[PDB]
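**Student:** Below is the sequence, then the experimental coordinates.
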Amino acid sequence: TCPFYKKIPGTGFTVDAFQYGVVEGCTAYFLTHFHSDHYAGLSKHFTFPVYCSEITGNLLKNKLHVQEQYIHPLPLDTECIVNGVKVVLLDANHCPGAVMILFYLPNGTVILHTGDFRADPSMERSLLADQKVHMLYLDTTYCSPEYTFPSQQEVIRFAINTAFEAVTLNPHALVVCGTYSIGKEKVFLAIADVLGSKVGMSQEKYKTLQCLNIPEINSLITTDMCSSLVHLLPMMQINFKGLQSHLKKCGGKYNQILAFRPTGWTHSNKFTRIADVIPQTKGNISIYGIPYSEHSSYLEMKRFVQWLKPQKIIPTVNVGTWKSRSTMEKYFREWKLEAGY
Ligand code: NI
């Protein structure tokens with residue numbers, strides 16, 4: 001049944017709770033972003049109201065075929081009323097259209113649900129600053145000290161330099177970038193740009209990207225593989241057999257592949273620096289796994305919480321084992337003691 005950490009007390013609301021059938025007492029279903037663990041269960045046959053961002057609404061309409069009459073998109077940074085309750089949607093710095101949700105309960109309690117987020121100091125100057133938050137529903141994906149990773153800007157720098165060098169040395173080298181959901185678009189767009197190319201992709205993927213309100217997007221992507229020297233593939237195909245297969249399909253236009261797998265975390269981060277990353281190579285094919293994260297590092301998460309000083313924290317990730325739960329509750333206690341709230 002629907003777990004308690006997906007229910008917002010004092011309202012008829014649930015968040016990201018689309019795979020439990022009809023939730024007893026739910027009058028509005030919020031969707032934080034268009035990733036499958038979160039939208040799981042939505043479909044063209046859904047007949048309850050869905051509240052979400054404009055971009056997430058484009059994707060529900062065009063990709064899931066949810067009927068328009070049930071999609072209620074809201075603008076960001078704007079006080080809105082939903083079934084009698086004031087709410088605000090904030091940018092979650094996750095994938096395109098991802099939001100956090102502020103709920104202002106009738107009784108005076110204020111709740112922040114983060115959705116999936118990558119905490120950032122810039123959040124400390126949104127409408128969050130303007131009042132106290134009593135309860136926090138927190139994306140705890142990387143809530144452990146071993147999870148360090150570099151900034152997004154450092155990772156992109158590394159990829160840009162790597163690709164530019166390889167292709168300048170060998171003009172017949174193809175670059176391939178793996179994808180399986182929205183998010184991490186900067187990886188392939190930044191590379192394409194330094195190489196003066198468009199990104200070539202399948203029709204389904206091109207459609208997906210046309211939902212995202214990315215400016216000048218028509219200048220940046222295409223369905224014509226032949227005209228483009230950065231290709232996107234399913235993440236499943238980013239391996240030697242899969243890439244060898246694809247090279248055969250390009251008809252002798254290229255003789256080398258450089259490929260990128262944007263990973264979350266990988267234990268090489270406990271020792272090695274970004275400057276010091278190396279690929280896996282077989283023949284004329286090389287694969288880089290790069291730690292481009294759209295979730296908070298441990299330190300980013302800790303800083304956010306210590307700034308916010310909530311009265312209660314409810315984890316939404318890693319909640320399935322007692323050992324995880326217990327480990328997370330200890331870190332929360334340390335943070336609260338260290339900061340004094
Ligand atoms: Ni996500």
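**Tutor:** Received, thanks. Numbering: from 1, shown residues only.

**Student:** Let me know the distance separating the residue of the stretch 51-200 of the chain found nearest the ion from residue 62.
**Tutor:** Nearest residue of the stretch 51-200 of the chain to the ion (CB to the ion) works out as residue 116 at 3.5 Å. (Each C-beta comes from the backbone N, C-alpha and C, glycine too.) Counting by CB to CB, to the nearest Å, the separation of residue 116 from residue 62 is 21 Å.

**Student:** Those two: which is more packed in?
**Tutor:** Neighbour totals were compared for residue 116 and residue 62, and residue 116 leads with 25 against 13 (other CB atoms under 10 Å).

**Student:** In contact with the more buried one, which residues are there?
**Tutor:** 32-33, 35, 38, 92, 94-95, 98, 139, 141, 294-295 (CB atoms under 8 Å, 6 or more residues apart in numbering).

**Student:** Filter the residues you listed down to the buried ones.
**Tutor:** 32-33, 35, 38, 92, 94-95, 98, 139, 141, 294-295 (16 or more other CB atoms under 10 Å).

**Student:** So which of those residues sit within strands?
**Tutor:** Of the positions in these, not one sits in strands, assigned by DSSP state E.

**Student:** Which members of those residues additionally contact the ion?
**Tutor:** Restricting these to those near the ion by CB under 5 Å from the ion leaves residue 35.

**Student:** Out of the buried ones among the contacts of residue 116, the closest to residue 205 would be?
**Tutor:** Using CB to CB, residue 95 comes nearest to residue 205 of the buried ones among the contacts of residue 116, at 14.2 Å.

**Student:** any idea how far residue 251 is from the closest one?
**Tutor:** 34 Å.

**Student:** Residue 122 now?
**Tutor:** From residue 122 to residue 251 the distance is 46 Å (CB to CB).

**Student:** how about a markdown table for the contacts of residue 116, with distance to residue 288 added?
**Tutor:** Listed next are the contacts of residue 116 as a markdown table, based on distance: CB to CB, whole Å:
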| residue | distance to residue 288 |
| --- | --- |
| 32 | 30 |
| 33 | 26 |
| 35 | 24 |
| 38 | 28 |
| 92 | 27 |
| 94 | 23 |
| 95 | 21 |
| 98 | 26 |
| 139 | 27 |
| 141 | 23 |
| 294 | 18 |
| 295 | 20 |
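
**Student:** Mind checking which of those are in helices?
**Tutor:** residue 38 (DSSP state H).

**Student:** Does anything pack onto the helix or strand hosting residue 326? Which helices or strands?
**Tutor:** Following DSSP states H and E, one finds residue 326 within helix 322-339. Of the remaining helices and strands, those touching helix 322-339 by 3 or more CB pairs under 8 Å, 6 or more residues apart in numbering; DSSP states H and E are helix 298-308, strand 312-315.

**Student:** List the buried residues in it.
**Tutor:** So helix 322-339, judged by 16+ other CB under 10 Å, has buried residues 324, 328, 331-332, 335.

**Student:** residue ranges of the helices in the stretch 101-250 of the chain, please?
**Tutor:** Using DSSP state H, counting those that start in this stretch, the helices assigned to the stretch 101-250 of the chain run over residues 152-169, 185-194, 203-210, 240-248.

**Student:** Let's have these in TSV, adding mean neighbour count.
**Tutor:** Below are the helices of the stretch 101-250 of the chain laid out as TSV (neighbours: other CB atoms under 10 Å):
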stretch	mean neighbour count
helix 152-169	16
helix 185-194	19
helix 203-210	15
helix 240-248	16
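
**Student:** Looking at the ones you listed, which is nearest to residue 146?
**Tutor:** Going by CB to CB, the one of these nearest residue 146 is helix 152-169, 18.5 Å.
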